[PDB]
Amino acid sequence: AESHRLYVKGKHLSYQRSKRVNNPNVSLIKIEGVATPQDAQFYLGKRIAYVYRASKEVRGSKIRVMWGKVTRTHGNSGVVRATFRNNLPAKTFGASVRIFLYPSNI
Amino acid sequence: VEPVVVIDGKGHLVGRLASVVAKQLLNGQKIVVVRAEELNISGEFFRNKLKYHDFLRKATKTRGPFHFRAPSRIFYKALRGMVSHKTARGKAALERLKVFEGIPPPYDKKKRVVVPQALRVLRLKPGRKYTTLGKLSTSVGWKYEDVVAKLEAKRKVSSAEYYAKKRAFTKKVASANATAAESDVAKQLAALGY
Amino acid sequence: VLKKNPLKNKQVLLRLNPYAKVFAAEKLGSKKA
Amino acid sequence: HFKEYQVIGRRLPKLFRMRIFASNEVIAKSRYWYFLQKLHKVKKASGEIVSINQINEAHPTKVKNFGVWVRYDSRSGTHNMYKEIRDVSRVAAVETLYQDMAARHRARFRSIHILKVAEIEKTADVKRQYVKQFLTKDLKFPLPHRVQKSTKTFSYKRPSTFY
Amino acid sequence: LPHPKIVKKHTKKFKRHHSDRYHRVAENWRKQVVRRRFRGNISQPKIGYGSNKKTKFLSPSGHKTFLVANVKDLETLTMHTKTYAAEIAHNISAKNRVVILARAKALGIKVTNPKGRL
Amino acid sequence: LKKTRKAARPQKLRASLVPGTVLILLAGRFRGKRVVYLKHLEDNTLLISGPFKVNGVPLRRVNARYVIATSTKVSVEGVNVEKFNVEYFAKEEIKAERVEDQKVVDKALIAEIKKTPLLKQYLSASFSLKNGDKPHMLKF
RNA sequence: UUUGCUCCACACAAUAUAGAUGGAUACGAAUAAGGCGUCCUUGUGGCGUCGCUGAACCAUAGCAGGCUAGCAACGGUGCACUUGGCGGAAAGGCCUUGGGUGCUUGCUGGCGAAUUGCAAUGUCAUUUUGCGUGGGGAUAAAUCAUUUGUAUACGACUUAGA
RNA sequence: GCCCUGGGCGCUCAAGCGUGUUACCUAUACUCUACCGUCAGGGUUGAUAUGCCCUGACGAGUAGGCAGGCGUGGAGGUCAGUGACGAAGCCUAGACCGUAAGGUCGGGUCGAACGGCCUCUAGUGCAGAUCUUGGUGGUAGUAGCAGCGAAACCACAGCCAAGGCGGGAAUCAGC
RNA sequence: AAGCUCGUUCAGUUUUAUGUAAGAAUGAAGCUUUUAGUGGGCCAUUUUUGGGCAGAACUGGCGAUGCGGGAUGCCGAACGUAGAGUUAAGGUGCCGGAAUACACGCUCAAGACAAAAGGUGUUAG
RNA sequence: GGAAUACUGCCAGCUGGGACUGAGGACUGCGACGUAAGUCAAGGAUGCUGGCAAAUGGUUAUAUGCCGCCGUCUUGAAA
RNA sequence: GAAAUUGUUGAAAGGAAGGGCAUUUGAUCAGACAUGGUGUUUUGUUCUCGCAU
């Protein structure tokens with residue numbers, strides 16, 4: 001099979017914030033295809049992985065990955081809040097993200 | 001989603017189209033606008049023309065206001081105010097945007113897209129006046145409208161022949177499918193949804 | 001040292017009000033007229 | 001979503017009776033008390049509400065040309081107004097009248113008094129053209145310029161408004 | 001073991017207001033918009049930052065640092081070896097450092113700063 | 001340490017997991033491959049088989065939370081999985097028993113797989129997502 | 001500058017990504033109508049019918065995708081060539097004739113998958129630059145000097161000369 | 001009812017207006033829990049103490065009042081304390097502890113005396129004072145005398161649209 | 001702060017007496033004595049003064065006041081350091097975290113002191 | 001004549017998905033299960049498993065999302 | 001033998017920055033100092049009574 005994807009793709013919008021105050025401890029992640037919080041309810045608890053490349057070779061590879069998790073839905077458009085052990089850099093606003101299908105229940 | 005999305009400005013509204021394009025850009029989506037010279041703005045021609053002419057003379061004093069004539073640049077300015085420009089995030093978002101009068105190549109040989117919620121005809125109440133933008137650009141100083149139309153006319157030609165060839169190909173494919181019907185594979189596919 | 005919440009954790013709910021056992025064993029919450 | 005309630009009072013007698021439309025019994029009681037002062041001289045502490053009961057439509061399955069008499073307190077005094085509304089139930093008919101008043105005269109629940117509501121069972125009795133037009137024989141009319149809620153942000157077919 | 005997560009609460013050490021702009025101002029904290037704790041300004045040390053009693057003064061290795069400069073001081077920890085670790089003062093010569101380290105190793109007392117001047 | 005009152009209650013498996021069900025692995029070297037569930041182990045892992053002869057996936061321990069359940073089921077009553085145990089995976093290069101036991105297990109399941117048409121090739125094909133897929137809508 | 005410069009073939013490194021992880025999957029025109037197939041006494045025409053979302057179309061099966069056997073066609077397609085046409089708006093792409101060479105899951109079989117031990121994106125894209133060979137191509141230009149006088153506050157500008 | 005005469009982009013079956021119905025955005029506010037402290041109550045010794053504890057509440061704030069701590073000079077007692085195998089002082093983009101005055105350690109120079117503990121003592125803690133003494137920058141290779149080398153001034157600012165009294169190299173020619 | 005000694009005595013708390021014997025409700029003390037500082041005006045309000053304006057008897061709020069909202073200067077809410085969930089004010093086209101949400105009509109130029117008057121401007125009794 | 005259903009309120013009814021929290025430290029206490037031994041969700045987390053010789057993380061520079069010159073002065077908080 | 005100030009080298013970036021909340025990149029470092037903890041036979045003043053183990 002040409003396609004080996006096993007994770008639902010998405011995008012990173014911005015951290016939870018107000019008009020003038022922003023808390024980077026919570027990140028708003030948009031999942032492609034989701035439209036309402038009801039659909040996003042299935043993605044709750046799914047691990048979120050961000051992949052980026054660095055010139056230096058890290059201990060295991062040339063790829064560095066952050067391991068996060070989903071917490072709860074957000075908004076009426078189906079946006080879901082994401083929390084990571086280490087908050088994502090602000091430069092990744094609008095960047096894509098990987099949402100795995102595990103842990104699952106279906 | 002396609003890596004790049006081409007939006008046809010024909011029959012669209014400047015405000016809603018600019019807002020949605022800016023929102024998509026902030027999300028990190030590449031978008032391109034074509035046929036911007038055919039974009040439309042709500043209200044009669046006089047109202048839109050006055051709203052633009054007054055802008056040209058509001059002063060900052062040439063460092064600030066620029067009497068920019070290109071309708072594509074006018075649309076970019078309209079979208080410019082809907083983005084957090086003068087910052088790395090906003091400026092990077094604008095890098096994924098391009099506006100061209102008509103449909104220059106290689107965008108001609110690619111499928112364009114339209115925004116259902118930004119259609120001028122769909123959202124504008126029937127019978128009310130509207131502005132074609134092209135006349136405003138011509139009156140405010142633009143002079144490439146004639147050339148734009150002249151070289152867009154050739155765009156409809158050749159593309160018409162390509163559409164005719166595709167229509168013949170689809171006719172042949174439909175005939176092949178019709179004669180292919182009633183087969184065991186087709187029957188199984190129909191039973192299993194497909 | 002820890003405040004057990006009634007309603008939840010039925011074990012603590014039985015500590016108070018011994019009649020809860022009879023109430024649950026007789027469906028008194030949906031008693032017909 | 002209004003509700004129809006029947007409220008009576010007698011200041012602890014004549015047993016004054018009137019119909020009150022409110023979203024809940026609490027609002028209905030307050031409106032009844034307020035109307036008591038206008039009708040006569042009575043106070044809340046004078047007595048008690050003898051009985052309050054919600055009235056349900058006898059059959060919410062029939063279209064009725066409700067005739068409604070409504071008095072409202074405009075910015076320059078109060079004036080008596082009468083209107084006819086085509087609807088299926090009194091609860092919906094009064095809500096439609098309230099919405100129409102708020103849209104035009106900008107009169108709301110605070111300054112609107114409901115006097116009487118009665119159905120019209122005979123044609124030519126409704127003197128309002130906007131309701132009279134619907135009392136003719138089975139008619140047909142189109143719904144031009146229909147639209148569809150496009151959930152997807154992008155469209156490729158250039159949707160048409162035909163019905 | 002009895003070495004639970006030691007939350008420092010505020011790892012960043014406080015700095016005197018405006019000390020970076022002016023050289024003459026030392027970095028030692030001193031009270032005076034900062035007094036009004038305005039938004040976007042340095043936080044003021046207060047009672048909220050108090051460390052837990054059960055983990056106060058404990059190093060990341062889960063042992064208290066005790067200064068030692070003689071054999072008797074090191075031996076005093078023989079009863080409290082489980083909690084108190086030895087630490088050689090900077091003024092101790094290398095000659096006595098070897099003896100101190102040998103005694104600590106023989107009695108099981110860990111040395112926080114070994115290899116000093118060795 | 002105080003006498004913590006937390007009994008080791010036996011694990012409860014979701015109703016969507018039944019022996020002989022076709023499993024899909026989302027993590028590991030065999031991620032995206034289709035596997036057949038066999039038995040639940042005492043360690044809270046799922047004993048599964050490719051079978052090895054069909055897709056090359058041997059008998060392995062897997063976690064339920066990383067496995068997507070499917071409605072397609074196959075017979076697994078004839079396979080004597082009682083031999084396998086948690087001790088069968090301890091290590092403290094392939095062992096000799098790992099080949100004969102795998103072959104014996106797959107012999108009692110290849111016939112069942114072939115009984116259902118297109119099931120052998122279906123398992124031989126690795127599962128993967130495609131453009132426009134909506135896993136929440138899909139029943140899998 | 002020991003092919004110095006340049007375009008290529010293979011060949012090892014650094015460099016990073018405003019952020020692939022199947023496909024930007026091409027008419028025009030109206031939105032109080034337009035297509036599609038057909039008829040033709042060819043028209044703003046007649047007939048059957050489509051929308052009410054892409055929630056689709058093309059593809060998608062093989063150790064992340066190998067070896068090999070048999071059946072039906074010479075269709076589909078990865079790639080090196082070759083005849084020819086179109087694309088000047090940012091054409092820099094679209095193809096077209098003929099064979100050549102792999103696969104073909106269209107159909108039926110035989111081989112290996114394990115040990116990464118219950119998962120650690122489990123590394124497959126190019127943007128730029130640096131060093132090592134071979135297959136070709138061409139070998140110039142500017143400043144000062146000299147001076148000019150249309151120019152000329154001083155710069156600057158305009159010239160002639162192996 | 002609305003219109004005419006009388007925050008930016010833009011918006012026009014509004015993204016304007018009034019009203020009705022659901023959802024969502026989040027303050028140091030509220031609800032559950034981890035920790036410091038104060039305030040209140042109680043257990044405590046046929047020894048388990050100015051101690052070891054249990055339970056609850058509370059945490060804004062100028063002048064002012066009270067309480068608890070670090071540090072510098074010197075003195076009384078102690079560590080039969082440290083130190084030419086290197087103490088004081090100095091630097092550290094190396095680390096640890098105390099939320100705090102600060103303390104400790106390793107490393108580069110160092111060459112002759114110092115440190116903790118229980119107390120006593122005071123010429124005891126600096127960013128201001130157009131502060132004092134001394135030293136050092138731009139000004140500046142500027143006026144100046146191809147020379148010889150300052151002074152004034154210097155928190156830091158300046159390109160304007162308006163209101164809370166504030167939409168880019170370098171030098172030569174005008175005021 | 002400073003002694004006593006009563007554990008109960010108190011209240012900017014609410015109606016009948018005619019302002020109370022209250023065995024009406026609700027919440028939960030006193031005399032002292034010496035000891036630092038304390039001599040402002042104002043936003044709104046009250047009493048409701050007359051002809052623009054100028055004093056004024058009063059009741060809530062700062063001075064010493066963070067934080068969210070109103071681009072910035074009244075509403076919400078008054079403050080230990082942290083994790084988790086719901087809200088006030090204010091918002092859900094972008095900047096700006098949130099529905100280009102539903103429903104009834106309005107409006108062609110607006111829309112986030114002028115209302116004294118006119119309109120063959122538009123929609124209702 | 002008959003039920004049904006919308007709505008309201010109750011369940012000391014059942015069954016899940018997801019987020020934070022593990023705080024106490026040998027038993028004494030209130031309860032449920034059981035004919036008894038004993039067990040329990042009953043005055044605060046346990047059991048199993050995997051990766052590791054830089055592991056986790058700290059200071060610092062630089063770029064990204066948001067926020068933002070001092071003491072005394074009148075004293076109305078003020079320029 | 002310290003600060004302002006200045007000279008060689010290494011990191012940096014484009015009408016301005018030092019300041020506050022969370023993260024990556026480049027450099028850099030304590031890096032766990034685990035030296036630990038479990039029961040016997042071999043030979044000499046029968047032996048783990050205890051030493052090399």
# chains A, B, ... in the order shown; residues from 1 in each chain; ligands from 1
call {"tool": "select_by_dssp", "arguments": {"residues": "chain E", "states": "strand (DSSP E or B)", "output": "PyMOL selection string"}}
result
chain E and resi 64-68+84-88+111
call {"tool": "write_last_selection", "arguments": {"atoms": "C-alpha atoms", "output": "compact mmCIF listing (two decimals), in the first residue's frame"}}
result
# COMPACT_ATOMS: atom_id res chain seq x y z
CA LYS E 64 21.08 16.69 54.01
CA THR E 65 24.43 18.41 53.46
CA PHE E 66 26.45 18.67 56.69
CA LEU E 67 29.76 20.51 56.81
CA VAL E 68 32.62 18.51 58.32
CA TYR E 84 22.99 13.39 56.70
CA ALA E 85 25.74 13.47 54.07
CA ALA E 86 29.25 14.79 54.66
CA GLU E 87 30.64 17.94 53.05
CA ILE E 88 34.27 19.05 53.23
CA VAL E 111 30.61 12.95 50.43
call {"tool": "interface_residues", "arguments": {"of": "chain G", "to": "chain F", "cutoff": "12 Å", "atoms": "only C-alpha atoms (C1' of nucleotides)", "output": "list in words"}}
result
residues 21, 22, 23, 54, 55, 56, 59, 60, 61, 62, 63, 64, 65, 105, 111, 112, 113, 114, 115, 116, 117, 118, 119, 120, 121 and 122 of chain G
call {"tool": "interface_residues", "arguments": {"of": "chain J", "to": "chain B", "cutoff": "12 Å", "atoms": "only C-alpha atoms (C1' of nucleotides)", "output": "VMD selection string"}}
result
chain J and resid 63 to 65
call {"tool": "residues_around", "arguments": {"residues": "residue 88 in chain I", "least_positions_apart": "5", "cutoff": "9 Å", "atoms": "only C-alpha atoms (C1' of nucleotides)", "output": "list in words"}}
result
residues 27 and 29 of chain H; 76 and 77 of chain I
call {"tool": "residues_around", "arguments": {"residues": "residue 17 in chain J", "least_positions_apart": "5", "cutoff": "8 Å", "atoms": "only C-alpha atoms (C1' of nucleotides)", "output": "JSON, numbers by chain"}}
result
{"A": [41, 42, 44]}
call {"tool": "closest_atom_pairs", "arguments": {"of": "chain D", "to": "chain J", "cutoff": "12 Å", "atoms": "only C-alpha atoms (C1' of nucleotides)", "output": "CSV"}}
result
residue,atom,partner,partner_atom,distance
D:3,CA,J:7,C1',11.4
D:24,CA,J:8,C1',11.4
D:54,CA,J:7,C1',11.8
D:56,CA,J:7,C1',11.5
D:60,CA,J:6,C1',11.8
call {"tool": "closest_atom_pairs", "arguments": {"of": "chain H", "to": "chain B", "cutoff": "8 Å", "atoms": "only C-alpha atoms (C1' of nucleotides)", "output": "JSON lines"}}
result
{"residue": "H:8", "atom": "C1'", "partner": "B:81", "partner_atom": "CA", "distance": 6.6}
{"residue": "H:9", "atom": "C1'", "partner": "B:81", "partner_atom": "CA", "distance": 4.0}
{"residue": "H:10", "atom": "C1'", "partner": "B:15", "partner_atom": "CA", "distance": 5.9}
{"residue": "H:11", "atom": "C1'", "partner": "B:15", "partner_atom": "CA", "distance": 7.2}
{"residue": "H:12", "atom": "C1'", "partner": "B:42", "partner_atom": "CA", "distance": 6.8}
{"residue": "H:13", "atom": "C1'", "partner": "B:125", "partner_atom": "CA", "distance": 5.8}
{"residue": "H:160", "atom": "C1'", "partner": "B:60", "partner_atom": "CA", "distance": 6.6}
{"residue": "H:161", "atom": "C1'", "partner": "B:60", "partner_atom": "CA", "distance": 4.7}
{"residue": "H:167", "atom": "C1'", "partner": "B:64", "partner_atom": "CA", "distance": 4.7}
call {"tool": "write_last_selection", "arguments": {"atoms": "N, CA and C atoms (P, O5', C5', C4', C3', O3' and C1' of nucleotides)", "output": "PDB file, in the first residue's frame"}}
result
ATOM      1  P     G H   8     -12.018  52.522  13.358  1.00  0.00           P
ATOM      2  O5'   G H   8     -10.950  51.530  12.715  1.00  0.00           O
ATOM      3  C5'   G H   8      -9.628  51.965  12.434  1.00  0.00           C
ATOM      4  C4'   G H   8      -8.791  50.857  11.846  1.00  0.00           C
ATOM      5  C3'   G H   8      -9.414  50.093  10.688  1.00  0.00           C
ATOM      6  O3'   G H   8      -9.286  50.767   9.448  1.00  0.00           O
ATOM      7  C1'   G H   8      -8.518  48.560  12.247  1.00  0.00           C
ATOM      8  P     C H   9     -10.452  50.666   8.347  1.00  0.00           P
ATOM      9  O5'   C H   9     -10.303  49.190   7.766  1.00  0.00           O
ATOM     10  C5'   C H   9      -9.074  48.749   7.210  1.00  0.00           C
ATOM     11  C4'   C H   9      -9.076  47.259   6.974  1.00  0.00           C
ATOM     12  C3'   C H   9     -10.169  46.734   6.058  1.00  0.00           C
ATOM     13  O3'   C H   9      -9.859  46.897   4.683  1.00  0.00           O
ATOM     14  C1'   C H   9     -10.046  45.385   7.997  1.00  0.00           C
ATOM     15  P     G H  10     -11.006  47.313   3.638  1.00  0.00           P
ATOM     16  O5'   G H  10     -11.817  45.963   3.408  1.00  0.00           O
ATOM     17  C5'   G H  10     -13.222  45.976   3.204  1.00  0.00           C
ATOM     18  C4'   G H  10     -13.931  45.161   4.255  1.00  0.00           C
ATOM     19  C3'   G H  10     -15.445  45.092   4.143  1.00  0.00           C
ATOM     20  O3'   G H  10     -15.888  44.143   3.189  1.00  0.00           O
ATOM     21  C1'   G H  10     -14.847  45.576   6.374  1.00  0.00           C
ATOM     22  P     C H  11     -17.294  44.347   2.437  1.00  0.00           P
ATOM     23  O5'   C H  11     -18.380  44.003   3.552  1.00  0.00           O
ATOM     24  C5'   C H  11     -18.377  42.740   4.200  1.00  0.00           C
ATOM     25  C4'   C H  11     -19.213  42.759   5.455  1.00  0.00           C
ATOM     26  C3'   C H  11     -20.693  43.049   5.266  1.00  0.00           C
ATOM     27  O3'   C H  11     -21.424  41.906   4.863  1.00  0.00           O
ATOM     28  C1'   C H  11     -19.850  44.361   7.045  1.00  0.00           C
ATOM     29  P     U H  12     -22.033  41.815   3.379  1.00  0.00           P
ATOM     30  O5'   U H  12     -23.474  42.474   3.516  1.00  0.00           O
ATOM     31  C5'   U H  12     -24.412  41.986   4.469  1.00  0.00           C
ATOM     32  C4'   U H  12     -25.713  42.744   4.403  1.00  0.00           C
ATOM     33  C3'   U H  12     -26.327  42.846   3.009  1.00  0.00           C
ATOM     34  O3'   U H  12     -27.752  42.844   3.107  1.00  0.00           O
ATOM     35  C1'   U H  12     -25.856  45.013   3.819  1.00  0.00           C
ATOM     36  P     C H  13     -28.621  41.741   2.322  1.00  0.00           P
ATOM     37  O5'   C H  13     -29.012  40.684   3.449  1.00  0.00           O
ATOM     38  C5'   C H  13     -29.739  41.082   4.602  1.00  0.00           C
ATOM     39  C4'   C H  13     -30.736  40.030   5.019  1.00  0.00           C
ATOM     40  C3'   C H  13     -30.156  38.729   5.555  1.00  0.00           C
ATOM     41  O3'   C H  13     -29.776  38.814   6.917  1.00  0.00           O
ATOM     42  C1'   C H  13     -31.843  38.245   3.972  1.00  0.00           C
ATOM     43  P     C H 160       8.024  63.865  11.554  1.00  0.00           P
ATOM     44  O5'   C H 160       6.538  63.348  11.301  1.00  0.00           O
ATOM     45  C5'   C H 160       5.442  63.876  12.043  1.00  0.00           C
ATOM     46  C4'   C H 160       4.119  63.363  11.524  1.00  0.00           C
ATOM     47  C3'   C H 160       2.933  63.556  12.465  1.00  0.00           C
ATOM     48  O3'   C H 160       1.741  63.760  11.703  1.00  0.00           O
ATOM     49  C1'   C H 160       3.252  61.251  12.073  1.00  0.00           C
ATOM     50  P     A H 161       0.444  64.423  12.383  1.00  0.00           P
ATOM     51  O5'   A H 161      -0.689  63.314  12.219  1.00  0.00           O
ATOM     52  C5'   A H 161      -1.568  63.323  11.104  1.00  0.00           C
ATOM     53  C4'   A H 161      -2.558  62.185  11.165  1.00  0.00           C
ATOM     54  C3'   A H 161      -3.240  61.970  12.509  1.00  0.00           C
ATOM     55  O3'   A H 161      -4.355  62.825  12.698  1.00  0.00           O
ATOM     56  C1'   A H 161      -2.454  59.896  11.668  1.00  0.00           C
ATOM     57  P     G H 167      -1.207  49.145   9.780  1.00  0.00           P
ATOM     58  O5'   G H 167      -0.937  50.625   9.257  1.00  0.00           O
ATOM     59  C5'   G H 167      -2.017  51.460   8.843  1.00  0.00           C
ATOM     60  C4'   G H 167      -1.515  52.831   8.470  1.00  0.00           C
ATOM     61  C3'   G H 167      -0.498  52.881   7.340  1.00  0.00           C
ATOM     62  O3'   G H 167      -1.103  52.828   6.062  1.00  0.00           O
ATOM     63  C1'   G H 167       0.261  54.203   9.152  1.00  0.00           C
TER      64        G H 167
END
call {"tool": "interface_residues", "arguments": {"of": "chain A", "to": "chain K", "cutoff": "12 Å", "atoms": "only C-alpha atoms (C1' of nucleotides)", "output": "compact mmCIF listing (two decimals) with N, CA and C atoms, in the first residue's frame"}}
result
# COMPACT_ATOMS: atom_id res chain seq x y z
N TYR A 15 -2.36 28.42 21.74
CA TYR A 15 -2.58 27.99 23.11
C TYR A 15 -3.86 28.61 23.67
N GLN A 16 -4.41 27.96 24.69
CA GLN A 16 -5.54 28.53 25.41
C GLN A 16 -5.18 29.92 25.92
N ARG A 17 -6.05 30.89 25.67
CA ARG A 17 -5.72 32.28 25.95
C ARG A 17 -7.00 33.09 26.09
N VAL A 21 -4.14 37.59 27.64
CA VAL A 21 -3.40 36.63 28.46
C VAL A 21 -3.50 35.26 27.80
N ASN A 22 -2.36 34.59 27.67
CA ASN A 22 -2.29 33.28 27.04
C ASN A 22 -1.54 32.31 27.94
N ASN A 23 -2.11 31.12 28.13
CA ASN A 23 -1.49 30.08 28.94
C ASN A 23 -0.96 28.99 28.02
N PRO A 24 0.36 28.88 27.81
CA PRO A 24 0.88 27.84 26.91
C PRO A 24 0.70 26.42 27.43
N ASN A 25 0.28 26.24 28.68
CA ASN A 25 0.12 24.90 29.23
C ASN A 25 -0.97 24.10 28.53
N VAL A 26 -1.85 24.75 27.77
CA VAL A 26 -2.91 24.08 27.03
C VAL A 26 -2.84 24.55 25.58
N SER A 27 -2.86 23.59 24.66
CA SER A 27 -2.75 23.87 23.23
C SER A 27 -4.03 23.45 22.52
N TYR A 50 4.15 15.42 17.69
CA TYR A 50 4.66 16.43 16.78
C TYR A 50 6.06 16.02 16.33
N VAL A 51 6.30 16.06 15.03
CA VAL A 51 7.56 15.61 14.44
C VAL A 51 8.23 16.81 13.78
N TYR A 52 9.50 17.03 14.12
CA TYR A 52 10.30 18.08 13.51
C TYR A 52 11.73 17.57 13.35
N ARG A 53 12.45 18.18 12.42
CA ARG A 53 13.80 17.75 12.06
C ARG A 53 14.82 18.76 12.56
N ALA A 54 15.97 18.26 13.01
CA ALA A 54 17.07 19.09 13.47
C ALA A 54 18.35 18.63 12.80
N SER A 55 19.25 19.58 12.53
CA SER A 55 20.50 19.23 11.87
C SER A 55 21.33 18.28 12.72
N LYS A 56 21.41 18.54 14.02
CA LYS A 56 22.18 17.68 14.91
C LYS A 56 21.50 16.32 15.04
N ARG A 64 13.23 14.23 16.19
CA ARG A 64 12.82 14.48 17.56
C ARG A 64 11.30 14.58 17.61
N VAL A 65 10.70 13.95 18.62
CA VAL A 65 9.26 13.84 18.73
C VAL A 65 8.83 14.21 20.14
N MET A 66 7.70 14.91 20.25
CA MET A 66 7.08 15.26 21.52
C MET A 66 5.85 14.40 21.73
N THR A 83 -2.71 18.70 25.61
CA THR A 83 -1.71 18.98 26.63
C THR A 83 -0.50 18.10 26.41
N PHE A 84 0.69 18.69 26.53
CA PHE A 84 1.95 18.00 26.33
C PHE A 84 2.80 18.10 27.58
N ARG A 85 3.62 17.07 27.82
CA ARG A 85 4.56 17.13 28.93
C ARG A 85 5.50 18.32 28.78
N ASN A 86 5.82 18.70 27.55
CA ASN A 86 6.55 19.92 27.25
C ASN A 86 5.76 20.71 26.21
N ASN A 87 5.46 21.96 26.52
CA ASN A 87 4.64 22.77 25.63
C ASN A 87 5.35 23.00 24.30
N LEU A 88 4.56 23.03 23.23
CA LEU A 88 5.12 23.22 21.90
C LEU A 88 5.60 24.66 21.73
N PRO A 89 6.64 24.88 20.94
CA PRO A 89 7.09 26.26 20.70
C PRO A 89 6.05 27.06 19.94
N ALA A 90 6.03 28.37 20.21
CA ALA A 90 5.05 29.24 19.58
C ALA A 90 5.25 29.34 18.07
N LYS A 91 6.45 29.04 17.57
CA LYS A 91 6.71 29.13 16.14
C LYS A 91 5.89 28.12 15.34
N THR A 92 5.42 27.05 15.98
CA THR A 92 4.67 26.00 15.29
C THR A 92 3.19 26.35 15.12
call {"tool": "residues_around", "arguments": {"residues": "residue 30 in chain C", "least_positions_apart": "5", "cutoff": "10 Å", "atoms": "only C-alpha atoms (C1' of nucleotides)", "output": "PyMOL selection string"}}
result
chain J and resi 10-11+13
call {"tool": "atom_distance", "arguments": {"atom1": "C1' of residue 60 in chain I", "atom2": "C1' of residue 13 in chain I"}}
result
18.4 Å
call {"tool": "closest_residue", "arguments": {"among": "E:113, E:11, E:83, E:78", "to": "chain J", "atoms": "only C-alpha atoms (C1' of nucleotides)"}}
result
E:11
call {"tool": "residues_around", "arguments": {"residues": "residue 29 in chain I", "least_positions_apart": "5", "cutoff": "10 Å", "atoms": "only C-alpha atoms (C1' of nucleotides)", "output": "list in words"}}
result
residues 6, 7, 8, 9 and 10 of chain I
call {"tool": "interface_residues", "arguments": {"of": "chain H", "to": "chain C", "cutoff": "12 Å", "atoms": "only C-alpha atoms (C1' of nucleotides)", "output": "PyMOL selection string"}}
result
chain H and resi 32-33+54-55
call {"tool": "interface_residues", "arguments": {"of": "chain I", "to": "chain B", "cutoff": "7 Å", "atoms": "only C-alpha atoms (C1' of nucleotides)", "output": "list in words"}}
result
residues 93, 94 and 95 of chain I
call {"tool": "residues_around", "arguments": {"residues": "residue 69 in chain J", "least_positions_apart": "5", "cutoff": "9 Å", "atoms": "only C-alpha atoms (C1' of nucleotides)", "output": "PDB file with N, CA, C and O atoms (P, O5', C5', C4', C3', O3' and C1' of nucleotides), in the first residue's frame"}}
result
ATOM      1  N   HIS E  18      15.156  46.149  38.100  1.00  0.00           N
ATOM      2  CA  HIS E  18      15.936  47.085  37.297  1.00  0.00           C
ATOM      3  C   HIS E  18      17.438  46.913  37.481  1.00  0.00           C
ATOM      4  O   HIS E  18      18.212  47.778  37.052  1.00  0.00           O
TER       5      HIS E  18
ATOM      6  P     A H 155      21.146  63.084  30.602  1.00  0.00           P
ATOM      7  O5'   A H 155      20.641  61.685  31.171  1.00  0.00           O
ATOM      8  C5'   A H 155      21.544  60.791  31.804  1.00  0.00           C
ATOM      9  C4'   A H 155      21.061  59.364  31.731  1.00  0.00           C
ATOM     10  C3'   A H 155      20.700  58.848  30.347  1.00  0.00           C
ATOM     11  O3'   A H 155      21.832  58.444  29.596  1.00  0.00           O
ATOM     12  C1'   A H 155      19.004  58.250  31.885  1.00  0.00           C
ATOM     13  P     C H 156      22.014  58.936  28.077  1.00  0.00           P
ATOM     14  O5'   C H 156      20.848  58.196  27.285  1.00  0.00           O
ATOM     15  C5'   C H 156      20.823  56.781  27.173  1.00  0.00           C
ATOM     16  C4'   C H 156      19.450  56.282  26.801  1.00  0.00           C
ATOM     17  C3'   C H 156      18.848  56.869  25.533  1.00  0.00           C
ATOM     18  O3'   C H 156      19.317  56.244  24.350  1.00  0.00           O
ATOM     19  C1'   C H 156      17.255  56.969  27.266  1.00  0.00           C
TER      20        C H 156
END
call {"tool": "interface_residues", "arguments": {"of": "chain J", "to": "chain C", "cutoff": "7 Å", "atoms": "only C-alpha atoms (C1' of nucleotides)", "output": "ChimeraX atom specification"}}
result
/J:10-12,30-32,41-44
